[PDB]
Each structure stands twice: as structure tokens, then as C-alpha cells.
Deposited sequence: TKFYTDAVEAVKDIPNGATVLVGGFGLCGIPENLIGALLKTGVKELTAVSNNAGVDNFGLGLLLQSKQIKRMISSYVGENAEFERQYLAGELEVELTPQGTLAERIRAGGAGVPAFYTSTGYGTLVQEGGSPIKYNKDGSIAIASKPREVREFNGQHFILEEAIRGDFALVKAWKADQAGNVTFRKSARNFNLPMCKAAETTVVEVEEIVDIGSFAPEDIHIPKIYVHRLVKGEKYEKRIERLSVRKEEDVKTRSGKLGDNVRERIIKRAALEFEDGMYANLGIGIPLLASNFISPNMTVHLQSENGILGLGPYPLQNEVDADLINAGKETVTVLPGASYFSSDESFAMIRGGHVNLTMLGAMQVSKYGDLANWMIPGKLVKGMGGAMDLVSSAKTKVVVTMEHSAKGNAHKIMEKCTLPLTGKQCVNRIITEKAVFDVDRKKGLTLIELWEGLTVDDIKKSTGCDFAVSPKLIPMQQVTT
């Protein structure tokens, strides 16, 4: 490891057109000093591999403001208006990549694995290709995504994804020792850790340099072999994107709450599912940005920029919580270790296809495709029954882009609960009291079985 005092000296040899991996999830664990140094060098035409686009004026957004980025590879690019303008104008190329795929592709690039198979994205636009990566200024398509190859293993379909490597990685960490060993704080680890292993030249900024021996050797998150250049960051702003401090929907929330079992591991999406946790039993909440054991929103003095949920909100953790990297988080999710994934949806098909990431009128799929990728995890959709004008949301075939094929196991609406089977279809198992089966029939765009043991829809006390 070579130590630098001046962040610019550490990045001055990045050539124009370089591929650069940039750590962070939202504004959590972003290499703000190294980004600042690139603003000074003015290096341009970059391909940035970055999970998100920061915000307009921070993180990766700063490099968009200066027009130093040509292309991005990312999983979710919302909350950045500059990004949107450039992309729509044909000034920016963008490959939206499932978050778990992004993490594993980066890992593969550090591990000597050129390609691997994953369930994530099978049956979606990721597999099919053809999505706009770049527009022209007149609104025509300049560059479209390529398909992914499909192969069956053990009776299930998977797609082939290839390793990502960079010329450089810009990584944020918490502490380094004088040998160059590095550690990460709370949920700021995320993509920083795997990105440390996947570039020709890795540049790490830390908040503090400590004596050799300050770490237990077992608790070094990134060994020095991966840390080519190290700089102590001059300034840390501790910016917080979303400061979070402590009837149709309530009906859904109060039924969704009854899906929780004692000892359960769950991942809860933004909105109704997370609100359902307030009504919970020991239930361990997982966060795809690398947390197990999420707790309630903080009191003001518990607020910490290094600890957010997947919705980018400030959060807390409970006793016996753990933190881990984005590649590890999605290994946990893709391997079916989470018992229950609960999420919102725009549409669900008769056999359990899910559309919940794109409305043709673009932000990216985030971790949604990974979350529904394993048959071992129960996937429960919580949504209002029908859209505007009693337009069907549950129907024969989705009309909106798929998150996953045949992946939903249960649907909870304000009117009904359905069990879903890939081969057998839908079964109505609960019915909001007062409603009839014919009411459900009129608000549902496909047939369903009615359970002999049908009951009024349950509500958490």
C-alpha cells in the first residue's frame, strides 16, 4: 500500500475514458474526497460503475454536473434530476443492472471468474435485451442492451452474466492501519468492499489512520493486498439524503402483519410492507444494502449517516445485528436464506409474474429482481386491488415490464388474499367481510379457485 496526503496525487494518472468503480449506496459510504479530486483533475469520458447516481449535487452527481461521465453501470438512478436530463438528451449512456448482479459481477471481476449464472433477471428485459442504453438528441435509440444467454440447471432457468473490472476503484472506508489494512463502518460497507478487489488500481479514502495492531487480524474487512493507494480524507460532510426520525392501506397493512412468524428472517419493501412491521414475536429484518436486524427509525440523537435502510432512510439496528457487503447481502438473498420477501406491486399475473419496477412513462430495478429470484423464499405482494378506473392489476398476463416470472406466492389486497401457484394459478383464501366472490371476480382480470375454507380477511389486533 502506498500512502498519500493529497487525494489529487492519488488519482492524477487516471486517463480519459477510464472505467472507474465508485463505492457507496445512496449517499452512504461514498468516496467524497476522491470524487472531489476527480473534479480537480477534470478527467473525462469516464465509464462509472456505481450502484446509484448520488444526488444532483453530491456523490456521482458531482461528476455529472461537470460532464466527466460518459457511461454508467448502475442498479437505481432515481433522485438525480441532472442524470435524468442528460440521459433523456442522449448525453449519457446507462446500463441498468440488477443490484445483486452488479455486486456479483464486480466480485467475479476480483476473483478470476469471467462469468457466472444467476436466476435474477430471467424472463425480464435483462434477459431479453433491447432496452435503450443511449438515446440520440431527437429521441431515437442510439444503443440498445444486448440479451443474456439462458441455460437450465437442476430444472430452473438462469442467465449468464460476465465479470466487471475497472481500471480504477474509488473506495470509502472507515479506518486503515499503517500497513494498509482497512475496515468499514455500519452500512457504509456496501459496494466499497467488493469494488476494492476488482480494479487494476484501487484508491481508498479513510476517516482515520490507526497503528498496526489496532485491529484484530480476524476483523480486517479488506486486507492490505487489495489496497494499492490510501489517503486520509480531508473533509467528511456526513450528508444525509433522507432524515427519518421517530381505510384501504391500513386494511392491507393489518393483514400483511399476520405474515410474520416468530424467528422469521424477512426483507420488507418500501411502504406497506415496512409499515406492517410496526404491528409485529422475534422477526429479523434484512436490508439489501447490507444489514441484518433493522430496528425503528432513530431518535434525533441516534441518527447516523453510516446507517440507512434500502429506501435510503436513516435507521437503527437491534441487539445482535450484523453488517456485511453488497456481494454478501445478495448471496444471502439469491441463495434463499431470507424466509419472507414482502413487496408492493403494480401488477401480478395468474401464475405469479410480478411487475413492480418500470412504468413506461426510468429509475432502475434496484434489488427487486434479486429479491424474487429464489423459489425458497416466500414472496408476498401487498397492493391495492385495482388501479385508476377499476383497471385490473391482478390479471392473466402483466402488461408492464416484469420483475420476475412465476415468483409470487401470495397476494394481499384490501379486498382479498390469494395464494398463487405457478402451475395451478390463484386461490382466494380470504375475503374482506361484506364483499362477495362476484365482487372479486369483477375486480380481477383472470379466473381463480375459491378455497372450501374461505374466511373473512384477518386483521392484526
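Unmodelled regions (deposited sequence positions with no C-alpha coordinates, counted from 1) are 247-260, 295-297, 379-380, 481.
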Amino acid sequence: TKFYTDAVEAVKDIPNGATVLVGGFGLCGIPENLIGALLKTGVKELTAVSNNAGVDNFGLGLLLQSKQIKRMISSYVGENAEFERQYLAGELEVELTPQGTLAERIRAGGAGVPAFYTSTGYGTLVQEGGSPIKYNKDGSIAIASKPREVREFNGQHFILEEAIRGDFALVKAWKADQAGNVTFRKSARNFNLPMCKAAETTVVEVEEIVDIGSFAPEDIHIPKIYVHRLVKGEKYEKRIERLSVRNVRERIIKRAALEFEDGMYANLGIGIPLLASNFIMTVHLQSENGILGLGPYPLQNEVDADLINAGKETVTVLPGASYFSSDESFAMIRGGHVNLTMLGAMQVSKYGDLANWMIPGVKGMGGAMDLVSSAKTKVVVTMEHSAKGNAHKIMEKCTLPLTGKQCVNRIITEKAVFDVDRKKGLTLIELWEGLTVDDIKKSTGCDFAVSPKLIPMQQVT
From here on, numbers count along this sequence of modelled residues.
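Here the rigid core means the biggest group of C-alpha atoms that line up within 1.5 Å when the two forms are laid on top of each other.
In 6 other deposited structures of this protein, superposed on the rigid core, the segment with the larger root-mean-square CA displacement between 83-91 and 200-208 is 83-91.
Choosing between 17-25 and 446-454, the greater Cα displacement from the shown form in 6 other deposited structures of this protein, fitted by the core, goes with 446-454. In the record comparison, residue 361 is unmodelled in at least a third of the other entries of this protein that model the residues flanking it. In all of the other compared structures of this protein with flanking residues present, residue 272 is modelled, so it falls below the one-third mark for missing coordinates. Of the candidates 303, 141, 230, 266, the deposited coordinates give 303 the top C-alpha B factor.
Annotation for residue 100: C-alpha temperature factor in the lowest third relative to the rest of the modelled chain, per the entry.
Residue 237 sits in the highest third of its chain by CA B factor, as recorded in the PDB entry. Among the modelled residues of its chain, residue 247 has a C-alpha B-factor that falls in the highest third according to the deposited record.
Among all modelled residues in this chain, the alpha-carbon of residue 92 has a temperature factor (C-alpha) in the highest third. The PDB entry assigns residue 421 a C-alpha temperature factor belonging to the highest third of its chain's modelled residues.
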